[PDB]
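Q: This structure is in structure tokens; I'll ask about it shortly.
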Amino acid sequence: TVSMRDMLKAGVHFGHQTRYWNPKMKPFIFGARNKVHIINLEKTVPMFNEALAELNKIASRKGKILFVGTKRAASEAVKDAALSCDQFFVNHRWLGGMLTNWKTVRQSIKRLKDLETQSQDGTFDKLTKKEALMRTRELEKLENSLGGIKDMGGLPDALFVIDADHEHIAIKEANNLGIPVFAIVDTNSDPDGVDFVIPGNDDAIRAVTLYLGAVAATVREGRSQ
Amino acid sequence: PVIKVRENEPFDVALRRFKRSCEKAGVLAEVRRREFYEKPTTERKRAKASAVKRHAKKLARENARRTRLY
Amino acid sequence: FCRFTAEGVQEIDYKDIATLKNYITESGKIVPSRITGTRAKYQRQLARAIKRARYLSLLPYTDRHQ
Amino acid sequence: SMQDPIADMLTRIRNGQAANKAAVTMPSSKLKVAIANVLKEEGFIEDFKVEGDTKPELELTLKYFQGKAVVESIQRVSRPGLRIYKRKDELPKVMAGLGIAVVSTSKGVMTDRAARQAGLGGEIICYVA
Amino acid sequence: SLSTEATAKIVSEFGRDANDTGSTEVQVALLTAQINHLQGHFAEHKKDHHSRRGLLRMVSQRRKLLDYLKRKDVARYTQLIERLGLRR
Amino acid sequence: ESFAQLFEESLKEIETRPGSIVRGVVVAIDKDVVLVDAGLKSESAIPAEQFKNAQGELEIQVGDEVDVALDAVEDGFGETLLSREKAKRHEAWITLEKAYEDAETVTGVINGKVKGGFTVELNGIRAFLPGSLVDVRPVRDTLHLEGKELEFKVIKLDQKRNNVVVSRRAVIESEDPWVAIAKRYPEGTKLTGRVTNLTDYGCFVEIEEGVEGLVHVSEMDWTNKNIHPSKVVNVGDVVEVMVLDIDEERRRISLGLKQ
Amino acid sequence: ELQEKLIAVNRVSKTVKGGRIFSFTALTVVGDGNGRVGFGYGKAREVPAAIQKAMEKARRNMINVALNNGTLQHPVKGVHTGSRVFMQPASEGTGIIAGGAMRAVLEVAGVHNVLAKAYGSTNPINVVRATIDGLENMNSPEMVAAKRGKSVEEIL
RNA sequence: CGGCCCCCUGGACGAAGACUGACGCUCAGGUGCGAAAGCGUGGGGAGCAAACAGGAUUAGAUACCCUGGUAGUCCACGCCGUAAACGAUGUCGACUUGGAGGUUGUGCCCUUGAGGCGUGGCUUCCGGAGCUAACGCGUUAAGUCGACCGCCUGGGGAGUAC
């Protein structure tokens, strides 16, 4: 679906510097221009397409997708992507054992929900100023952490990831439980934990956005189906 | 560290210059080193140990730096 | 940033006193290869040259001596 | 010094399997070639290809099923230090028949089962599983 | 070490082709000459142990070569040992 | 296919290493960080201070194109050296243009000599030149109306280390660093030098054709010890510095900044 | 349907400012009497709790083992840390000839007939692990055929 | 093994070619080299310094500290044959992901510049798979193998007695 030219324009073909590479990414690498590794778009594209297809399929059976990206450059974008296809996301720091330790995190989620309710639906007001402030702070904290996953209910049936090396904890968790992983994997990253590897530039913003958008579209399509 | 006071130069300035020169020479340090006999082994050990320390400072710390403190 | 690599000299000359004088201290000492940035191979040669000069009283062993 | 070429070859093969190498090249020898052929027949490698005139290079092409390697184990048995010769009744069964034992007999190098069928034993080269 | 000219001369004499140089016999001759040369040195310098190691090694090599020659071709070996005056 | 191989050598052909090809489009602005994309592996974290012109406020919105620089790749994550140096090459080209007709004409206005040559400033940048260059004769711009308008006629340039002394008024008129290290020597010759890296004891301003200066921590200001040089000056900025000391032997020119 | 055997329970200590804090480790193993086996190692201040924890652990992260009838498919070695273990398939009637922790794992796995020696260390936790490894690695005839690009009759 | 110079001299590495044609690897006994101290004979003796002497310190101080100070350290020729003689890791060969250096060659390239792209030798650090009781080792293995040798079999008694 996503063309090669577009990818090139975005800056998918660019990778990291040669000294920071992983030799498990040697198949997906093409060459090294100006001492910086170039990802092979001929090998990338089909894989990407396959991944997209898989995602679509998942969506079709009413699968829950989780969008992970805690880089802070593409935190805004990932959330947007998630919301477009009304799916869940973790745009700020992944809580260690979010999925493996769901049952504890489910309590946190509940608490957050309660807080939200108190804030909005109650309309009681009349609260001690320090206490109120504290409550507000707590709410903020919760929202930041678990805003995207509050309506997830259980565990997701697939896990889309913007960087494998950065979100290794998440990936690891997904492997322990057996959730399918769809990781964007730059040359420095490790592809071994990832099920459906996508060789591409995690760092560049435009590229990331592109990666998101197609995925979102596919999810939407699946839903429609 | 031979020095000559320039025409219309302050005393203090001259002194400072002299001190600087001395520092550059590493004369005091040298003297300190030759106060007592260092066994060859000891000398070796210090040199290697120092080198190791330097290496540690350079690389490990750099690695640490990549990650933010707060 | 070595001089001798750029010049492309085959061997450093003890007679070439001026050149040597750039690599010797105000106190007479030979200057480290960290500071000058001389290449290792050349540095040794330079040192040797300096030593030779000192033997021939072309360069001084030290500032104080007389 | 190089003392056991077959052993070396085996080792190379093992390393290839470990490291997920597609093909493994080495200096060719007749015995080695025979061994390779046997392996191919028994289905532990994809294909072997000798190439060269003066100093020819045997190139095996290793096999991988469902990610992992095919040659699970591969040991020399006879070795220059200590030779092993078996009579047709004393011929082994590698992995209770699931693996193979390359055995050099008077009628050429063959798998243990083949040797048994023939009705002859010999020098036991290697177990492969 | 052995001077170039001397080496060349040695090669020419013992070597069949004179371009050959690597002939066993030639090699032996070369070794032998070197050994002879070093004898003088070592008479003078008895404590030069490091140098003597090299000499020893050379001698060993020569011996090995001789042995090799013997098994291969006896007559040639005999001739060689007549020429050089090697007791064995 | 070989579509991609050919596309790779094509994209090699349509970029170069320095800040030469004005290619990065400014794709997000936020104070205090600009960011472009010149067809590199990542986006630059640009300062705002490489892009405000001569009075302090920004000049370029979204889509605008300046080249940056290169030859340094990956400090962890990111891509460039700053585009402002880019600009230096353009300045060099204009200075070079003189050679063609033996006269580069702009405006040069030089009020005074930090180190023996009036300072001339062209557009945003200000440069320092040797003392003769400011005036054609012995006219001296001290009697001229302050920060006067002429041009610059070049008197002297040092060709390696970048010091250019230029000719105000009089329109009618028309190994290597260390042997002869006596030019900026004599006691206090002021220099204009860009700082490079501040090593918590130092600042490392070093400009004059392959040398190293320190301005370590003791002067820097008029407080001694509590100063921490990163707070007090900058990173990458051309400043007031002069020599105070040269050892041509243990190459330590020890500059100062309290002057 | 699942059978679960607590192999060992061991008291372990942690020294603190006051004195010694004691705790209990429970090593259990569970299986369905067919291929599926899983050991669990649980820890708690009281024994029963620890045991429960171990059981819970066991029940998740199980592992499948190809069993030719009541016995193994071929002799198999398994190692882990000190404990190196040999186990050999055996004729119907012979029973589980194996010692200690090793026996328990076998029993749950639904091997009925084995000849099994534990060389090296016999530290229950390690030895059970070793046994598990051995079981896991053990390939079937069908599997081998699949691997090699042959039929089952070609392999025999 | 360390100032500089000369004379005699051993090894290593690279570059191409040319030649020899398995001549190789390992090695019980055997032979040699083997820090420091130590011994013998003859020289030498500045500094340093076992022993020794005095002064302190101390409950004592046959030590640490101070002031002196002789063997010895230095040279010649002999002997001794041991050291945490350590990488606590036998030698030789083959094979198995990477990164950052150092040093010393060498091929090409507009050396347009201190550079660019390789290719050899030796070497420091980090780390992957794998290995390991763990610590760690990790293409210079403690990984995967082969050849030969050396050595271990609870602590003490004892590397002692005869």
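Following the order of the structure tokens, first chain is A, next is B, and so on, with residues numbered from 1 inside each chain and ligands from 1 in the order they appear.
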Can you write out as a Markdown table which residues of chain F fall within 12 Å of chain B, alongside each residue's closest atom pair and its distance in Å to one decimal, counting only C-alpha atoms and ordering rows by chain and ascending residue number?

A:
| residue | atom | partner | partner_atom | distance |
| --- | --- | --- | --- | --- |
| F:75 | CA | B:66 | CA | 9.4 |
| F:76 | CA | B:66 | CA | 7.3 |
| F:77 | CA | B:66 | CA | 9.5 |
| F:187 | CA | B:6 | CA | 11.3 |
| F:244 | CA | B:17 | CA | 10.4 |
| F:245 | CA | B:17 | CA | 9.1 |
| F:246 | CA | B:21 | CA | 11.1 |
| F:247 | CA | B:24 | CA | 9.3 |
| F:249 | CA | B:24 | CA | 10.6 |
| F:250 | CA | B:24 | CA | 8.3 |
| F:251 | CA | B:24 | CA | 11.0 |
| F:252 | CA | B:24 | CA | 9.4 |
| F:253 | CA | B:24 | CA | 12.0 |
| F:254 | CA | B:20 | CA | 10.5 |

Q: For N, CA and C atoms, I'd like the residues from the last selection saved as a PDB file, in the first residue's frame.

A:
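Dumped to result18.pdb:
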ATOM      1  N   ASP F  75      26.297  11.566  17.686  1.00  0.00           N
ATOM      2  CA  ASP F  75      26.875  11.718  19.019  1.00  0.00           C
ATOM      3  C   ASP F  75      26.113  10.843  20.035  1.00  0.00           C
ATOM      4  N   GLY F  76      25.080  10.166  19.543  1.00  0.00           N
ATOM      5  CA  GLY F  76      24.211   9.309  20.322  1.00  0.00           C
ATOM      6  C   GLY F  76      22.975   9.233  19.449  1.00  0.00           C
ATOM      7  N   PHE F  77      22.351  10.397  19.286  1.00  0.00           N
ATOM      8  CA  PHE F  77      21.173  10.574  18.435  1.00  0.00           C
ATOM      9  C   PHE F  77      21.120  12.004  17.899  1.00  0.00           C
ATOM     10  N   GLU F 187      52.024  41.232  24.441  1.00  0.00           N
ATOM     11  CA  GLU F 187      51.596  40.901  25.790  1.00  0.00           C
ATOM     12  C   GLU F 187      50.103  40.604  25.843  1.00  0.00           C
ATOM     13  N   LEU F 244      47.621  37.029  26.778  1.00  0.00           N
ATOM     14  CA  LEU F 244      48.154  37.003  28.149  1.00  0.00           C
ATOM     15  C   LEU F 244      49.374  36.117  28.390  1.00  0.00           C
ATOM     16  N   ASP F 245      49.628  35.131  27.520  1.00  0.00           N
ATOM     17  CA  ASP F 245      50.720  34.173  27.682  1.00  0.00           C
ATOM     18  C   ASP F 245      50.808  33.265  26.463  1.00  0.00           C
ATOM     19  N   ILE F 246      51.998  33.061  25.911  1.00  0.00           N
ATOM     20  CA  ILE F 246      52.246  31.988  24.953  1.00  0.00           C
ATOM     21  C   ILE F 246      53.491  31.260  25.425  1.00  0.00           C
ATOM     22  N   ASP F 247      53.387  29.913  25.423  1.00  0.00           N
ATOM     23  CA  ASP F 247      54.505  28.947  25.379  1.00  0.00           C
ATOM     24  C   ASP F 247      54.424  28.379  23.965  1.00  0.00           C
ATOM     25  N   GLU F 249      56.559  26.208  22.916  1.00  0.00           N
ATOM     26  CA  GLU F 249      57.071  24.848  23.206  1.00  0.00           C
ATOM     27  C   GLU F 249      55.916  23.913  23.619  1.00  0.00           C
ATOM     28  N   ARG F 250      55.344  23.981  24.835  1.00  0.00           N
ATOM     29  CA  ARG F 250      54.271  23.054  25.336  1.00  0.00           C
ATOM     30  C   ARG F 250      52.889  23.660  25.054  1.00  0.00           C
ATOM     31  N   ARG F 251      52.658  23.929  23.766  1.00  0.00           N
ATOM     32  CA  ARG F 251      51.660  24.661  22.960  1.00  0.00           C
ATOM     33  C   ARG F 251      50.593  25.140  23.888  1.00  0.00           C
ATOM     34  N   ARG F 252      50.917  25.791  25.019  1.00  0.00           N
ATOM     35  CA  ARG F 252      49.747  26.180  25.794  1.00  0.00           C
ATOM     36  C   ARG F 252      49.631  27.705  25.770  1.00  0.00           C
ATOM     37  N   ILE F 253      48.901  28.231  24.791  1.00  0.00           N
ATOM     38  CA  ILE F 253      48.557  29.640  24.850  1.00  0.00           C
ATOM     39  C   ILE F 253      47.410  29.804  25.833  1.00  0.00           C
ATOM     40  N   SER F 254      47.652  30.575  26.887  1.00  0.00           N
ATOM     41  CA  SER F 254      46.732  30.700  28.019  1.00  0.00           C
ATOM     42  C   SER F 254      46.022  32.047  27.941  1.00  0.00           C
TER      43      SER F 254
END

Q: Which chain C residues are at most 12 Å from chain H (counting only C-alpha atoms (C1' of nucleotides)), as a JSON list (two decimals) with N, CA, C and O atoms, in the first residue's frame?

A:
[["chain", "number", "residue", "atom", "x", "y", "z"],
["C", 1, "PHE", "N", 47.76, 16.30, 14.43],
["C", 1, "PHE", "CA", 48.21, 17.39, 13.50],
["C", 1, "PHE", "C", 49.75, 17.44, 13.41],
["C", 1, "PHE", "O", 50.38, 18.43, 13.77],
["C", 2, "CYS", "N", 50.32, 16.35, 12.91],
["C", 2, "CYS", "CA", 51.78, 16.22, 12.80],
["C", 2, "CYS", "C", 52.34, 17.05, 11.64],
["C", 2, "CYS", "O", 51.73, 17.12, 10.56],
["C", 3, "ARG", "N", 53.49, 17.66, 11.87],
["C", 3, "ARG", "CA", 54.21, 18.43, 10.85],
["C", 3, "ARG", "C", 54.94, 17.50, 9.88],
["C", 3, "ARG", "O", 54.91, 17.71, 8.67],
["C", 4, "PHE", "N", 55.60, 16.48, 10.42],
["C", 4, "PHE", "CA", 56.50, 15.61, 9.64],
["C", 4, "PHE", "C", 55.76, 14.71, 8.64],
["C", 4, "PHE", "O", 56.37, 14.21, 7.70],
["C", 5, "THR", "N", 54.51, 14.39, 8.95],
["C", 5, "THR", "CA", 53.69, 13.63, 8.01],
["C", 5, "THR", "C", 53.36, 14.49, 6.79],
["C", 5, "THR", "O", 53.46, 14.05, 5.65],
["C", 6, "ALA", "N", 52.97, 15.74, 7.06],
["C", 6, "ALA", "CA", 52.61, 16.69, 6.00],
["C", 6, "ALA", "C", 53.80, 17.09, 5.13],
["C", 6, "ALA", "O", 53.69, 17.16, 3.91],
["C", 7, "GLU", "N", 54.92, 17.37, 5.77],
["C", 7, "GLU", "CA", 56.14, 17.72, 5.06],
["C", 7, "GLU", "C", 56.57, 16.50, 4.27],
["C", 7, "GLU", "O", 57.06, 16.59, 3.15],
["C", 8, "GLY", "N", 56.38, 15.35, 4.90],
["C", 8, "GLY", "CA", 56.70, 14.04, 4.34],
["C", 8, "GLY", "C", 58.19, 13.74, 4.40],
["C", 8, "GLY", "O", 58.76, 13.24, 3.43],
["C", 37, "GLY", "N", 51.28, 17.01, 19.18],
["C", 37, "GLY", "CA", 50.48, 16.18, 18.28],
["C", 37, "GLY", "C", 51.32, 15.52, 17.20],
["C", 37, "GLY", "O", 50.83, 15.23, 16.12],
["C", 38, "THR", "N", 52.60, 15.28, 17.51],
["C", 38, "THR", "CA", 53.52, 14.64, 16.59],
["C", 38, "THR", "C", 53.15, 13.17, 16.50],
["C", 38, "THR", "O", 52.67, 12.60, 17.47],
["C", 39, "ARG", "N", 53.35, 12.57, 15.33],
["C", 39, "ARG", "CA", 53.13, 11.13, 15.18],
["C", 39, "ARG", "C", 54.22, 10.36, 15.93],
["C", 39, "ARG", "O", 55.36, 10.82, 16.03],
["C", 40, "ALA", "N", 53.84, 9.19, 16.42],
["C", 40, "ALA", "CA", 54.64, 8.41, 17.37],
["C", 40, "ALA", "C", 55.99, 8.07, 16.75],
["C", 40, "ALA", "O", 57.04, 8.22, 17.41],
["C", 41, "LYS", "N", 55.93, 7.60, 15.52],
["C", 41, "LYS", "CA", 57.11, 7.18, 14.77],
["C", 41, "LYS", "C", 58.11, 8.32, 14.66],
["C", 41, "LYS", "O", 59.32, 8.13, 14.89],
["C", 47, "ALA", "N", 63.19, 13.07, 19.10],
["C", 47, "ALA", "CA", 63.84, 12.96, 20.42],
["C", 47, "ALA", "C", 65.31, 12.62, 20.26],
["C", 47, "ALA", "O", 66.18, 13.23, 20.89],
["C", 48, "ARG", "N", 65.54, 11.63, 19.40],
["C", 48, "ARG", "CA", 66.89, 11.14, 19.11],
["C", 48, "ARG", "C", 67.76, 12.28, 18.58],
["C", 48, "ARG", "O", 68.91, 12.47, 19.02],
["C", 49, "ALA", "N", 67.18, 13.01, 17.64],
["C", 49, "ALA", "CA", 67.84, 14.16, 17.00],
["C", 49, "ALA", "C", 68.24, 15.18, 18.05],
["C", 49, "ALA", "O", 69.38, 15.68, 18.04],
["C", 50, "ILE", "N", 67.29, 15.46, 18.93],
["C", 50, "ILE", "CA", 67.49, 16.43, 20.01],
["C", 50, "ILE", "C", 68.65, 16.02, 20.89],
["C", 50, "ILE", "O", 69.51, 16.84, 21.23],
["C", 51, "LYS", "N", 68.65, 14.73, 21.23],
["C", 51, "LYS", "CA", 69.70, 14.13, 22.07],
["C", 51, "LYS", "C", 71.07, 14.33, 21.42],
["C", 51, "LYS", "O", 72.03, 14.73, 22.09],
["C", 52, "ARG", "N", 71.10, 14.03, 20.14],
["C", 52, "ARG", "CA", 72.32, 14.16, 19.32],
["C", 52, "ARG", "C", 72.85, 15.59, 19.38],
["C", 52, "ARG", "O", 74.03, 15.83, 19.56],
["C", 53, "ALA", "N", 71.92, 16.50, 19.18],
["C", 53, "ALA", "CA", 72.20, 17.95, 19.19],
["C", 53, "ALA", "C", 72.83, 18.35, 20.52],
["C", 53, "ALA", "O", 73.85, 19.07, 20.55],
["C", 54, "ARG", "N", 72.21, 17.86, 21.58],
["C", 54, "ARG", "CA", 72.66, 18.12, 22.95],
["C", 54, "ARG", "C", 74.09, 17.66, 23.14],
["C", 54, "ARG", "O", 74.91, 18.43, 23.71],
["C", 55, "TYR", "N", 74.38, 16.47, 22.65],
["C", 55, "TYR", "CA", 75.77, 15.95, 22.65],
["C", 55, "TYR", "C", 76.71, 16.92, 21.91],
["C", 55, "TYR", "O", 77.80, 17.21, 22.42],
["C", 56, "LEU", "N", 76.29, 17.43, 20.75],
["C", 56, "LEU", "CA", 77.09, 18.38, 19.96],
["C", 56, "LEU", "C", 77.03, 19.84, 20.41],
["C", 56, "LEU", "O", 77.55, 20.71, 19.72],
["C", 61, "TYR", "N", 71.20, 20.99, 27.12],
["C", 61, "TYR", "CA", 70.56, 19.99, 27.97],
["C", 61, "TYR", "C", 69.53, 20.63, 28.89],
["C", 61, "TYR", "O", 68.47, 20.06, 29.13]]

Q: Provide the CA of residue 103 in chain F to CA of residue 90 in chain F distance in Å, to one decimal place.

A: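 These two atoms are separated by 16.9 Å.
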
Q: With chain G as the partner and 12 Å as the cut-off, tabulate the residues of chain A that qualify, each row holding the nearest pair of atoms and their distance in Å to one decimal, using only C-alpha atoms, sorted by chain and rising number, as a tab-separated table.

A:
residue	atom	partner	partner_atom	distance
A:176	CA	G:61	CA	9.2
A:177	CA	G:61	CA	9.9
A:178	CA	G:61	CA	11.4

Q: Find the residue from G:104, G:74, G:66, G:130 that sits nearest to residue 143 in chain G; use only C-alpha atoms when measuring.

A: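 Nearest to residue 143 in chain G: G:66.
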
Q: Give me, as a ChimeraX atom specification, all polymer residues having an atom no more than 12 Å from residue 108 in chain H, counting only C-alpha atoms (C1' of nucleotides) and skipping those fewer than 2 positions away in the same chain.

A: /H:106,116-119

Q: Next, dump the selected residues to file, keeping only C-alpha atoms (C1' of nucleotides), as a PDB file, in the first residue's frame.

A:
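Written file, again_6.pdb:
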ATOM      1  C1'   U H 106      51.729  -1.826   2.451  1.00  0.00           C
ATOM      2  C1'   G H 116      39.298   8.767   1.278  1.00  0.00           C
ATOM      3  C1'   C H 117      38.716   3.411   0.317  1.00  0.00           C
ATOM      4  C1'   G H 118      41.125  -1.045   1.406  1.00  0.00           C
ATOM      5  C1'   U H 119      44.677  -5.075   2.919  1.00  0.00           C
TER       6        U H 119
END

Q: Go through chain E and flag each residue having an atom no more than 8 Å from chain H; for those, report the closest pair of atoms plus their distance in Å to one decimal, using only C-alpha atoms (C1' of nucleotides), ordered by chain and rising number, as a Markdown table.

A:
| residue | atom | partner | partner_atom | distance |
| --- | --- | --- | --- | --- |
| E:1 | CA | H:9 | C1' | 7.8 |
| E:19 | CA | H:19 | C1' | 7.4 |
| E:20 | CA | H:19 | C1' | 4.6 |
| E:21 | CA | H:19 | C1' | 5.8 |
| E:22 | CA | H:20 | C1' | 4.5 |
| E:23 | CA | H:20 | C1' | 4.8 |
| E:24 | CA | H:20 | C1' | 6.3 |
| E:41 | CA | H:8 | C1' | 6.7 |
| E:49 | CA | H:33 | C1' | 7.4 |
| E:50 | CA | H:10 | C1' | 6.2 |
| E:51 | CA | H:10 | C1' | 4.1 |
| E:52 | CA | H:10 | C1' | 7.2 |
| E:53 | CA | H:10 | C1' | 7.2 |
| E:54 | CA | H:10 | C1' | 5.2 |
| E:55 | CA | H:10 | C1' | 7.7 |
| E:64 | CA | H:23 | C1' | 7.6 |
| E:65 | CA | H:23 | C1' | 6.5 |
| E:68 | CA | H:23 | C1' | 5.6 |

Q: Mind dumping the selected residues with N, CA, C and O atoms as an mmCIF file, in the first residue's frame?

A:
data_model
loop_
_atom_site.group_PDB
_atom_site.id
_atom_site.type_symbol
_atom_site.label_atom_id
_atom_site.label_comp_id
_atom_site.auth_asym_id
_atom_site.auth_seq_id
_atom_site.Cartn_x
_atom_site.Cartn_y
_atom_site.Cartn_z
ATOM 1 N N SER E 1 73.874 -10.960 9.673
ATOM 2 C CA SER E 1 73.357 -11.924 8.658
ATOM 3 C C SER E 1 74.392 -12.169 7.563
ATOM 4 O O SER E 1 75.440 -11.518 7.527
ATOM 5 N N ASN E 19 68.899 -19.912 -10.303
ATOM 6 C CA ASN E 19 67.689 -19.193 -9.907
ATOM 7 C C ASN E 19 66.885 -19.927 -8.811
ATOM 8 O O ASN E 19 66.015 -19.315 -8.181
ATOM 9 N N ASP E 20 67.177 -21.214 -8.584
ATOM 10 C CA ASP E 20 66.363 -22.048 -7.686
ATOM 11 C C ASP E 20 66.299 -21.557 -6.234
ATOM 12 O O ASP E 20 65.210 -21.342 -5.730
ATOM 13 N N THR E 21 67.445 -21.385 -5.576
ATOM 14 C CA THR E 21 67.542 -20.884 -4.193
ATOM 15 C C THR E 21 66.945 -21.759 -3.065
ATOM 16 O O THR E 21 67.527 -21.831 -1.983
ATOM 17 N N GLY E 22 65.796 -22.396 -3.308
ATOM 18 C CA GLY E 22 65.078 -23.166 -2.295
ATOM 19 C C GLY E 22 65.405 -24.641 -2.240
ATOM 20 O O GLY E 22 64.915 -25.334 -1.351
ATOM 21 N N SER E 23 66.218 -25.136 -3.178
ATOM 22 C CA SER E 23 66.741 -26.510 -3.124
ATOM 23 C C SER E 23 67.215 -26.856 -1.724
ATOM 24 O O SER E 23 67.821 -26.021 -1.047
ATOM 25 N N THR E 24 66.939 -28.081 -1.292
ATOM 26 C CA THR E 24 67.251 -28.487 0.078
ATOM 27 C C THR E 24 68.749 -28.291 0.334
ATOM 28 O O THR E 24 69.149 -27.753 1.375
ATOM 29 N N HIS E 41 82.156 -15.184 15.816
ATOM 30 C CA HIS E 41 81.448 -14.219 16.657
ATOM 31 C C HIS E 41 81.353 -14.736 18.082
ATOM 32 O O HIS E 41 81.634 -13.993 19.048
ATOM 33 N N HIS E 49 73.849 -14.778 24.491
ATOM 34 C CA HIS E 49 72.987 -15.936 24.608
ATOM 35 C C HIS E 49 71.843 -15.877 23.607
ATOM 36 O O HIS E 49 71.514 -16.881 22.953
ATOM 37 N N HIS E 50 71.258 -14.692 23.514
ATOM 38 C CA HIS E 50 70.123 -14.429 22.628
ATOM 39 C C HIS E 50 70.521 -14.739 21.178
ATOM 40 O O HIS E 50 69.786 -15.401 20.438
ATOM 41 N N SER E 51 71.677 -14.236 20.809
ATOM 42 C CA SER E 51 72.187 -14.445 19.447
ATOM 43 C C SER E 51 72.415 -15.924 19.187
ATOM 44 O O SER E 51 72.046 -16.463 18.144
ATOM 45 N N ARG E 52 73.027 -16.565 20.168
ATOM 46 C CA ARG E 52 73.338 -18.001 20.131
ATOM 47 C C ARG E 52 72.099 -18.802 19.966
ATOM 48 O O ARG E 52 72.213 -19.857 19.319
ATOM 49 N N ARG E 53 70.948 -18.361 20.496
ATOM 50 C CA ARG E 53 69.686 -19.057 20.322
ATOM 51 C C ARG E 53 69.364 -19.236 18.836
ATOM 52 O O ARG E 53 68.986 -20.329 18.389
ATOM 53 N N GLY E 54 69.532 -18.134 18.116
ATOM 54 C CA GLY E 54 69.271 -18.099 16.667
ATOM 55 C C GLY E 54 70.153 -19.114 15.955
ATOM 56 O O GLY E 54 69.670 -19.863 15.093
ATOM 57 N N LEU E 55 71.418 -19.118 16.331
ATOM 58 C CA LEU E 55 72.418 -20.029 15.769
ATOM 59 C C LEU E 55 71.982 -21.477 15.976
ATOM 60 O O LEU E 55 72.033 -22.303 15.049
ATOM 61 N N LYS E 64 67.551 -31.017 10.396
ATOM 62 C CA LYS E 64 66.248 -31.466 9.906
ATOM 63 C C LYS E 64 66.293 -31.684 8.396
ATOM 64 O O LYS E 64 65.830 -32.713 7.879
ATOM 65 N N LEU E 65 66.857 -30.689 7.732
ATOM 66 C CA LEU E 65 67.004 -30.693 6.270
ATOM 67 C C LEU E 65 67.798 -31.911 5.822
ATOM 68 O O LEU E 65 67.411 -32.607 4.874
ATOM 69 N N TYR E 68 65.858 -35.063 6.156
ATOM 70 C CA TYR E 68 64.888 -35.106 5.062
ATOM 71 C C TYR E 68 65.546 -35.636 3.788
ATOM 72 O O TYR E 68 64.996 -36.511 3.098
#

Q: Would you mind listing, for every residue of chain D within 12 Å of chain A, the two atoms forming the shortest contact and the distance between them in Å to one decimal, using only C-alpha atoms, sorted by chain and ascending residue number, as CSV?

A:
residue,atom,partner,partner_atom,distance
D:19,CA,A:24,CA,11.1
D:20,CA,A:24,CA,11.0
D:67,CA,A:192,CA,11.6

Q: Take the selection from the previous step and output its residues with C-alpha atoms, as an mmCIF file, in the first residue's frame.

A:
data_model
loop_
_atom_site.group_PDB
_atom_site.id
_atom_site.type_symbol
_atom_site.label_atom_id
_atom_site.label_comp_id
_atom_site.auth_asym_id
_atom_site.auth_seq_id
_atom_site.Cartn_x
_atom_site.Cartn_y
_atom_site.Cartn_z
ATOM 1 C CA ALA D 19 25.823 -19.117 13.551
ATOM 2 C CA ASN D 20 23.025 -19.477 10.950
ATOM 3 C CA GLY D 67 14.412 -21.378 12.309
#

Q: So that I can check the surroundings of residue 2 in chain E, please list as a PyMOL selection string every protein, DNA and RNA residue that reaches within 12 Å of it, counting only C-alpha atoms (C1' of nucleotides) and ignoring chain neighbours fewer than 2 positions away.

A: (chain E and resi 4-10+29-38) or (chain H and resi 9)

Q: Interatomic distance between CA of residue 133 in chain F and CA of residue 119 in chain F?

A: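 Separating CA of residue 133 in chain F from CA of residue 119 in chain F is a distance of 9.4 Å.
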
Q: Determine the nearest neighbour of chain F from the options C:34, C:63, C:10, C:58, counting only C-alpha atoms.

A: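 So, comparing all the options, the nearest one is C:34.
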
Q: Between CA of residue 218 in chain A and CA of residue 193 in chain A, what is the distance in Å, rounded to a tenth?

A: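 Spanning CA of residue 218 in chain A to CA of residue 193 in chain A is a straight-line distance of 23.3 Å.
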
Q: Determine, using only C-alpha atoms, which residues of chain F have any atom at most 6 Å from an atom of chain A, and tabulate each with its shortest atom pair and distance in Å to one decimal place, rows ordered by chain and then rising number, as a tab-separated table.

A:
residue	atom	partner	partner_atom	distance
F:41	CA	A:14	CA	4.5
F:42	CA	A:204	CA	5.1
F:74	CA	A:17	CA	5.7

Q: Compute the set of chain C residues within 8 Å of chain B, using only C-alpha atoms, and express it as a ChimeraX atom specification.

A: /C:26-27,63-64

Q: Using only C-alpha atoms (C1' of nucleotides), which residues sit within 12 Å of residue 67 in chain G once same-chain residues fewer than 6 positions away are excluded, as a ChimeraX atom specification?

A: /G:33-37,73-74,89,106,109-114,135-136,138-142
